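A.B. asks: Everything in the sequence shown is counted per PDB author numbering, starting at 3 for the first residue and increasing by one.
After the structure tokens below, expect a handful of questions from me.
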Amino acid sequence: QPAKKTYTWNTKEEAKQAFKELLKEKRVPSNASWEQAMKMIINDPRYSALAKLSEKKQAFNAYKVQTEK
Numbered sequence: 003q004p005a006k007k008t009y010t011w012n013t014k015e016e017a018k019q020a021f022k023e024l025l026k027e028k029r030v031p032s033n034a035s036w037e038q039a040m041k042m043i044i045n046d047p048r049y050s051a052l053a054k055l056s057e058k059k060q061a062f063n064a065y066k067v068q069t070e071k
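Here is the structure:
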């Protein structure tokens, strides 16, 4: 196809994993707002790892709690 490469997810852990790993690669800070983290991660196809934005936010919030303390 005329474009970049797309990722594919089948298990909730894999999709949630790409979203969390997506924030890690985006260096999202633990104090980033869903807007800053979501945009920095949406630019990446990993954002498609989650079909619901509510789960996308839970993974982002969990991502900050995993890179804090």
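Note that beta-carbon positions come from the ideal geometry of N, C-alpha and C, so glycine has one too.
Under 8 Å, with one C-beta from each stretch per pair, do the region 55 to 65 and the region 20 to 29 reach the 3-pair mark?
C.D. replies: yes
A.B. asks: The alpha helix (DSSP H) with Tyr-49 in it runs from where to where?
C.D. replies: Where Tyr-49 is concerned, there is no enclosing alpha helix (DSSP H), given that its DSSP letter is neither H nor E.
A.B. asks: Might you give, ordered along the chain, the residues of its own chain that have their beta carbon closer than 8 Å to the beta carbon of residue 118, omitting 5 neighbours on each side?
C.D. replies: Within the shown structure, residues of the chain are numbered from 3 to 71, placing residue 118 beyond reach of any answer.
A.B. asks: Where does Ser-56 sit, in a helix, a strand or coil, going by DSSP?
C.D. replies: helix
A.B. asks: Our contact map puts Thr-69 next to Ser-32 with C-beta atoms below 8 Å; I'd like the distance itself, whole angstroms only.
C.D. replies: For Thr-69 against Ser-32, the beta-carbon gap comes to about 5 Å, under 8 Å, which counts as contact.
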